[PDB]
Amino acid sequence: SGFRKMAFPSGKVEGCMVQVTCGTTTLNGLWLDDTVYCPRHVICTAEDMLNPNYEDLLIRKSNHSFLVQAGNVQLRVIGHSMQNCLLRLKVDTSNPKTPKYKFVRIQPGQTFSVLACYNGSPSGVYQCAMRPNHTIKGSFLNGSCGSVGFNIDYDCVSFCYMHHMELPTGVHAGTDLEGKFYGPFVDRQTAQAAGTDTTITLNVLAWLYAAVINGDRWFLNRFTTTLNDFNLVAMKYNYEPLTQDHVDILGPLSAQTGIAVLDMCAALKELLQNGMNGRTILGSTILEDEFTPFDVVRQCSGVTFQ
Ligand SMILES: *[C@@H](O)[C@H](C[C@@H]1CCNC1=O)NC(=O)[C@H](CC1CCCCC1)NC(=O)[C@@H](NC(=O)OCc1ccccc1)[C@@H](C)OC(C)(C)C
């Protein structure tokens, strides 16, 4: 039946995107109820970017220093505050499209959908994972600040990311919806670089289970392994150490395929040591680590091929 890196339908989120301008800077904002959220760096000027003092720069502005536009309608800002690295703009109107939602701080290794926006207008949607080094490999251009990352459960949108900047390696950094950065990054244009990253072991294992659920067992073997013996091989290939908690999480998938977690680890250990041998898994020539065990169960069918 196939396996794709699919994102959540973006509708509920599109109806919350607005444009926010201050000075000569324009970026996207998130409009929920009667509040608009956006990167606080929107109040910076070319010279302020290197070493800005936001509390100082902010006190120097008023409600009308901010221009908030929803579609082709201007929104009147009647208050403002700073929450960590975000600005909280109160508007005279409550967003009619506000969906049931909540703010969540995603954890490393987890995935979410990003709705790339420009000038308050949604341009695209794609899935990505929060890297262990706290960055994401997105696709953002100037003007994308304010674009958000999210997950959806039933009809509740869990916002978990707002975009703020790009690092030298072409990767991206941002904050949760409370304005707290993911990683040791700060909103200042002083030299910063992503730390060394690692492969998300739990996800690679989840992805292998998905492959089995979809029909092939070519990579499996007759061996098994000690959690400890696996981790020695993990360090060598720069994979995150596997823990008992990770083993526990893979429980349901293990049950649906009848393949013991440690046996799959043995299978992975072999793939890392011998390679793909010119063969593919779910269409890939490399081991994918951007699918959580949750993403697999969500997408795949509850019945394995066999
Ligand atoms: C959202 O509009 C943007 C998005 C960037 C632009 C290109 N792709 C993106 O995702 N906002 C920015 O342009 C930010 C804005 C500043 C953030 C801090 C507070 C003041 C405004 N800048 C970046 O995202 C720049 N990143 C960065 O400076 O990082 C620290 C640093 C400084 C010097 C050397 C290494 C690292 C980007 C434009 O610059 C580089 C591509 C050189 C990293």
# chains A, B, ... in the order shown; residues from 1 in each chain; ligands from 1

$ residues_near_ligand --ligand "ligand 1" --cutoff "8 Å" --atoms "only C-alpha atoms and all ligand atoms" --output "mmCIF file with N, CA, C and O atoms, in the first residue's frame"
data_model
loop_
_atom_site.group_PDB
_atom_site.id
_atom_site.type_symbol
_atom_site.label_atom_id
_atom_site.label_comp_id
_atom_site.auth_asym_id
_atom_site.auth_seq_id
_atom_site.Cartn_x
_atom_site.Cartn_y
_atom_site.Cartn_z
ATOM 1 N N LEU A 27 6.680 39.663 8.660
ATOM 2 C CA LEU A 27 6.720 38.215 8.831
ATOM 3 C C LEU A 27 5.334 37.681 9.179
ATOM 4 O O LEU A 27 4.372 38.448 9.269
ATOM 5 N N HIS A 41 11.767 39.121 17.118
ATOM 6 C CA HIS A 41 12.772 39.813 16.320
ATOM 7 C C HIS A 41 12.157 40.675 15.216
ATOM 8 O O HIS A 41 12.868 41.324 14.454
ATOM 9 N N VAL A 42 10.829 40.701 15.155
ATOM 10 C CA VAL A 42 10.137 41.512 14.165
ATOM 11 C C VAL A 42 10.310 43.003 14.495
ATOM 12 O O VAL A 42 10.098 43.857 13.638
ATOM 13 N N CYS A 44 13.144 44.336 15.319
ATOM 14 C CA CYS A 44 14.545 44.687 15.102
ATOM 15 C C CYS A 44 14.769 45.412 13.785
ATOM 16 O O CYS A 44 14.008 45.256 12.831
ATOM 17 N N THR A 45 15.824 46.214 13.749
ATOM 18 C CA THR A 45 16.200 46.937 12.546
ATOM 19 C C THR A 45 17.548 46.344 12.159
ATOM 20 O O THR A 45 18.169 45.648 12.960
ATOM 21 N N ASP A 48 20.064 46.567 14.802
ATOM 22 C CA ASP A 48 19.656 45.954 16.066
ATOM 23 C C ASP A 48 19.890 44.443 16.111
ATOM 24 O O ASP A 48 20.028 43.865 17.185
ATOM 25 N N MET A 49 19.948 43.817 14.943
ATOM 26 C CA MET A 49 20.114 42.368 14.835
ATOM 27 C C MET A 49 21.346 41.705 15.460
ATOM 28 O O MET A 49 21.273 40.550 15.883
ATOM 29 N N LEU A 50 22.470 42.409 15.523
ATOM 30 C CA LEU A 50 23.676 41.807 16.087
ATOM 31 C C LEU A 50 23.653 41.625 17.595
ATOM 32 O O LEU A 50 24.111 40.605 18.103
ATOM 33 N N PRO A 52 20.686 42.873 19.934
ATOM 34 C CA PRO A 52 19.459 43.544 20.360
ATOM 35 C C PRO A 52 19.064 43.317 21.808
ATOM 36 O O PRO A 52 19.281 42.243 22.374
ATOM 37 N N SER A 139 12.702 23.897 4.810
ATOM 38 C CA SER A 139 12.910 24.623 3.569
ATOM 39 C C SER A 139 12.254 25.974 3.810
ATOM 40 O O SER A 139 11.043 26.116 3.651
ATOM 41 N N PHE A 140 13.064 26.944 4.223
ATOM 42 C CA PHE A 140 12.604 28.296 4.548
ATOM 43 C C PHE A 140 13.438 29.358 3.842
ATOM 44 O O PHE A 140 14.655 29.226 3.733
ATOM 45 N N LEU A 141 12.775 30.418 3.392
ATOM 46 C CA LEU A 141 13.439 31.540 2.733
ATOM 47 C C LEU A 141 13.149 32.769 3.588
ATOM 48 O O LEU A 141 12.420 32.677 4.577
ATOM 49 N N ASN A 142 13.714 33.915 3.216
ATOM 50 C CA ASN A 142 13.476 35.134 3.978
ATOM 51 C C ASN A 142 11.977 35.421 3.970
ATOM 52 O O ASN A 142 11.325 35.290 2.939
ATOM 53 N N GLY A 143 11.441 35.806 5.123
ATOM 54 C CA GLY A 143 10.021 36.088 5.214
ATOM 55 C C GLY A 143 9.218 34.931 5.779
ATOM 56 O O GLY A 143 8.007 35.044 5.954
ATOM 57 N N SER A 144 9.879 33.812 6.069
ATOM 58 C CA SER A 144 9.175 32.655 6.612
ATOM 59 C C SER A 144 8.981 32.654 8.141
ATOM 60 O O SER A 144 8.204 31.858 8.652
ATOM 61 N N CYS A 145 9.679 33.541 8.858
ATOM 62 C CA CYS A 145 9.583 33.668 10.329
ATOM 63 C C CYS A 145 8.101 33.776 10.654
ATOM 64 O O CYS A 145 7.337 34.400 9.921
ATOM 65 N N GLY A 146 7.686 33.084 11.708
ATOM 66 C CA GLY A 146 6.285 33.096 12.075
ATOM 67 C C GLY A 146 5.567 31.849 11.599
ATOM 68 O O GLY A 146 4.499 31.534 12.108
ATOM 69 N N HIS A 163 8.958 29.369 13.544
ATOM 70 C CA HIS A 163 10.258 29.601 12.921
ATOM 71 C C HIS A 163 10.864 30.973 13.191
ATOM 72 O O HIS A 163 10.165 31.982 13.138
ATOM 73 N N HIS A 164 12.171 31.003 13.459
ATOM 74 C CA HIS A 164 12.886 32.251 13.749
ATOM 75 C C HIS A 164 14.150 32.490 12.929
ATOM 76 O O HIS A 164 14.438 33.631 12.563
ATOM 77 N N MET A 165 14.915 31.434 12.656
ATOM 78 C CA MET A 165 16.166 31.630 11.944
ATOM 79 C C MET A 165 16.776 30.398 11.298
ATOM 80 O O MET A 165 16.348 29.264 11.526
ATOM 81 N N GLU A 166 17.805 30.648 10.497
ATOM 82 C CA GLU A 166 18.518 29.603 9.791
ATOM 83 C C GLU A 166 19.966 29.647 10.230
ATOM 84 O O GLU A 166 20.496 30.717 10.522
ATOM 85 N N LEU A 167 20.597 28.481 10.289
ATOM 86 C CA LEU A 167 21.991 28.404 10.688
ATOM 87 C C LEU A 167 22.851 28.161 9.460
ATOM 88 O O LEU A 167 22.349 27.779 8.405
ATOM 89 N N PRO A 168 24.165 28.379 9.587
ATOM 90 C CA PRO A 168 25.134 28.199 8.502
ATOM 91 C C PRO A 168 25.056 26.909 7.676
ATOM 92 O O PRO A 168 25.306 26.938 6.465
ATOM 93 N N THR A 169 24.708 25.788 8.303
ATOM 94 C CA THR A 169 24.608 24.526 7.575
ATOM 95 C C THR A 169 23.288 24.387 6.811
ATOM 96 O O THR A 169 22.976 23.322 6.281
ATOM 97 N N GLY A 170 22.511 25.460 6.760
ATOM 98 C CA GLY A 170 21.252 25.401 6.045
ATOM 99 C C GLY A 170 20.119 24.783 6.843
ATOM 100 O O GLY A 170 19.062 24.509 6.283
ATOM 101 N N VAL A 171 20.339 24.549 8.137
ATOM 102 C CA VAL A 171 19.305 23.975 8.994
ATOM 103 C C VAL A 171 18.588 25.106 9.716
ATOM 104 O O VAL A 171 19.052 26.247 9.709
ATOM 105 N N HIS A 172 17.471 24.784 10.356
ATOM 106 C CA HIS A 172 16.654 25.801 10.995
ATOM 107 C C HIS A 172 16.395 25.670 12.489
ATOM 108 O O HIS A 172 16.345 24.564 13.032
ATOM 109 N N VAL A 186 19.939 31.468 20.432
ATOM 110 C CA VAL A 186 19.379 32.737 20.888
ATOM 111 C C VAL A 186 19.008 33.575 19.665
ATOM 112 O O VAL A 186 19.610 33.412 18.605
ATOM 113 N N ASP A 187 18.015 34.456 19.797
ATOM 114 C CA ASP A 187 17.608 35.286 18.662
ATOM 115 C C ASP A 187 18.453 36.546 18.563
ATOM 116 O O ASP A 187 18.034 37.655 18.919
ATOM 117 N N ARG A 188 19.664 36.333 18.061
ATOM 118 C CA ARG A 188 20.676 37.365 17.864
ATOM 119 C C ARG A 188 21.516 36.881 16.681
ATOM 120 O O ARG A 188 21.768 35.685 16.566
ATOM 121 N N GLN A 189 21.943 37.786 15.801
ATOM 122 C CA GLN A 189 22.746 37.360 14.655
ATOM 123 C C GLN A 189 24.237 37.281 14.956
ATOM 124 O O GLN A 189 25.076 37.726 14.174
ATOM 125 N N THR A 190 24.554 36.709 16.110
ATOM 126 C CA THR A 190 25.933 36.511 16.518
ATOM 127 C C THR A 190 26.234 35.082 16.073
ATOM 128 O O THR A 190 25.319 34.273 15.962
ATOM 129 N N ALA A 191 27.496 34.764 15.812
ATOM 130 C CA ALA A 191 27.862 33.422 15.361
ATOM 131 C C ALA A 191 27.334 32.283 16.238
ATOM 132 O O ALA A 191 27.591 32.241 17.439
ATOM 133 N N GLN A 192 26.600 31.364 15.616
ATOM 134 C CA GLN A 192 26.039 30.190 16.286
ATOM 135 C C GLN A 192 26.059 29.052 15.277
ATOM 136 O O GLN A 192 25.944 29.277 14.072
ATOM 137 N N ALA A 193 26.204 27.826 15.758
ATOM 138 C CA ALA A 193 26.225 26.691 14.851
ATOM 139 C C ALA A 193 25.557 25.485 15.492
ATOM 140 O O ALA A 193 25.657 25.277 16.699
#

$ residues_around --residues "residue 124 (chain A)" --least-positions-apart "4" --cutoff "8 Å" --atoms "only C-alpha atoms" --output "list in words"
residues 115, 116 and 117 of chain A

$ write_last_selection --atoms "N, CA and C atoms" --output "tab-separated table (two decimals), in the first residue's frame"
chain	number	residue	atom	x	y	z
A	115	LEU	N	3.89	24.42	8.09
A	115	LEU	CA	3.14	25.11	7.06
A	115	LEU	C	3.97	26.34	6.69
A	116	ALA	N	4.76	26.22	5.63
A	116	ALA	CA	5.60	27.32	5.18
A	116	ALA	C	4.71	28.48	4.73
A	117	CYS	N	4.95	29.66	5.29
A	117	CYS	CA	4.17	30.84	4.96
A	117	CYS	C	5.02	32.05	4.62

$ residues_around --residues "residue 6 (chain A)" --least-positions-apart "5" --cutoff "10 Å" --atoms "only C-alpha atoms" --output "number ranges by chain"
A: 112-113, 125-128, 291, 295, 299

$ write_last_selection --atoms "C-alpha atoms" --output "PDB file, in the first residue's frame"
ATOM      1  CA  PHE A 112       5.459  17.473  13.089  1.00  0.00           C
ATOM      2  CA  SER A 113       4.109  19.262  10.024  1.00  0.00           C
ATOM      3  CA  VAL A 125       3.327  21.928   3.853  1.00  0.00           C
ATOM      4  CA  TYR A 126       5.854  19.197   4.698  1.00  0.00           C
ATOM      5  CA  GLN A 127       6.810  16.840   7.526  1.00  0.00           C
ATOM      6  CA  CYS A 128      10.057  16.975   9.468  1.00  0.00           C
ATOM      7  CA  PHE A 291       9.276   8.353  11.220  1.00  0.00           C
ATOM      8  CA  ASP A 295       3.812   7.843  12.583  1.00  0.00           C
ATOM      9  CA  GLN A 299      -0.073   5.500   8.412  1.00  0.00           C
TER      10      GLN A 299
END

$ select_by_dssp --residues "region 58-166 of chain A" --states "strand (DSSP E)" --output "MDAnalysis selection string"
chainID A and resid 67:70 73:75 77:83 86:91 100:103 111:118 121:129 148:153 156:166

$ residues_around --residues "residue 61 (chain A)" --least-positions-apart "2" --cutoff "12 Å" --atoms "only C-alpha atoms" --output "ChimeraX atom specification"
/A:22-23,43-44,54-59,63-66,79-81

$ closest_residue --among "A:202, A:16, A:271, A:297" --to "residue 148 (chain A)" --atoms "only C-alpha atoms"
A:16

$ residues_around --residues "region 283-289 of chain A" --least-positions-apart "5" --cutoff "8 Å" --atoms "only C-alpha atoms" --output "ChimeraX atom specification"
/A:199-204,207,276,278

$ residues_around --residues "residue 213 (chain A)" --least-positions-apart "6" --cutoff "8 Å" --atoms "only C-alpha atoms" --output "list in words"
residues 256, 257, 300, 301, 303, 304, 305 and 306 of chain A

$ write_last_selection --atoms "N, CA and C atoms" --output "PDB file, in the first residue's frame"
ATOM      1  N   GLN A 256       2.501  -6.754  16.311  1.00  0.00           N
ATOM      2  CA  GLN A 256       1.815  -6.843  15.026  1.00  0.00           C
ATOM      3  C   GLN A 256       2.608  -7.605  13.973  1.00  0.00           C
ATOM      4  N   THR A 257       3.931  -7.583  14.080  1.00  0.00           N
ATOM      5  CA  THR A 257       4.763  -8.268  13.099  1.00  0.00           C
ATOM      6  C   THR A 257       5.345  -9.573  13.633  1.00  0.00           C
ATOM      7  N   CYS A 300       0.414   3.116   8.411  1.00  0.00           N
ATOM      8  CA  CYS A 300       0.214   1.731   7.999  1.00  0.00           C
ATOM      9  C   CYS A 300      -1.130   1.149   8.409  1.00  0.00           C
ATOM     10  N   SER A 301      -1.406  -0.059   7.925  1.00  0.00           N
ATOM     11  CA  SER A 301      -2.644  -0.740   8.267  1.00  0.00           C
ATOM     12  C   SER A 301      -2.357  -1.582   9.506  1.00  0.00           C
ATOM     13  N   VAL A 303      -3.031  -4.524   9.886  1.00  0.00           N
ATOM     14  CA  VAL A 303      -2.820  -5.913   9.477  1.00  0.00           C
ATOM     15  C   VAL A 303      -1.567  -6.043   8.608  1.00  0.00           C
ATOM     16  N   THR A 304      -0.631  -6.883   9.042  1.00  0.00           N
ATOM     17  CA  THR A 304       0.607  -7.088   8.299  1.00  0.00           C
ATOM     18  C   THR A 304       0.358  -7.973   7.084  1.00  0.00           C
ATOM     19  N   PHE A 305       1.214  -7.840   6.077  1.00  0.00           N
ATOM     20  CA  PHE A 305       1.084  -8.615   4.848  1.00  0.00           C
ATOM     21  C   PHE A 305       1.169 -10.123   5.107  1.00  0.00           C
ATOM     22  N   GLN A 306       2.274 -10.560   5.710  1.00  0.00           N
ATOM     23  CA  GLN A 306       2.514 -11.974   6.014  1.00  0.00           C
ATOM     24  C   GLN A 306       2.857 -12.793   4.771  1.00  0.00           C
TER      25      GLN A 306
END

$ closest_residue --among "A:184, A:302, A:149, A:29" --to "residue 104 (chain A)" --atoms "only C-alpha atoms"
A:149

$ closest_residue --among "A:73, A:227, A:232, A:266" --to "residue 247 (chain A)" --atoms "only C-alpha atoms"
A:227

$ residues_around --residues "residue 241 (chain A)" --least-positions-apart "2" --cutoff "8 Å" --atoms "only C-alpha atoms" --output "PyMOL selection string"
chain A and resi 201+231+234-235+239+243

$ write_last_selection --atoms "C-alpha atoms" --output "PDB file, in the first residue's frame"
ATOM      1  CA  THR A 201      17.624   4.945  16.460  1.00  0.00           C
ATOM      2  CA  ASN A 231      24.757  -0.019  21.706  1.00  0.00           C
ATOM      3  CA  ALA A 234      25.377   2.142  17.776  1.00  0.00           C
ATOM      4  CA  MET A 235      28.215   4.377  18.987  1.00  0.00           C
ATOM      5  CA  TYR A 239      23.219   6.194  16.264  1.00  0.00           C
ATOM      6  CA  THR A 243      17.171   2.210  25.875  1.00  0.00           C
TER       7      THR A 243
END

$ closest_residue --among "A:260, A:18, A:208, A:255" --to "residue 74 (chain A)" --atoms "only C-alpha atoms"
A:18

$ select_by_dssp --residues "region 11-249 of chain A" --states "alpha helix (DSSP H)" --output "ChimeraX atom specification"
/A:11-14,54-59,201-213,227-236,244-249

$ atom_distance --atom1 "CA of residue 161 (chain A)" --atom2 "CA of residue 253 (chain A)"
28.2 Å
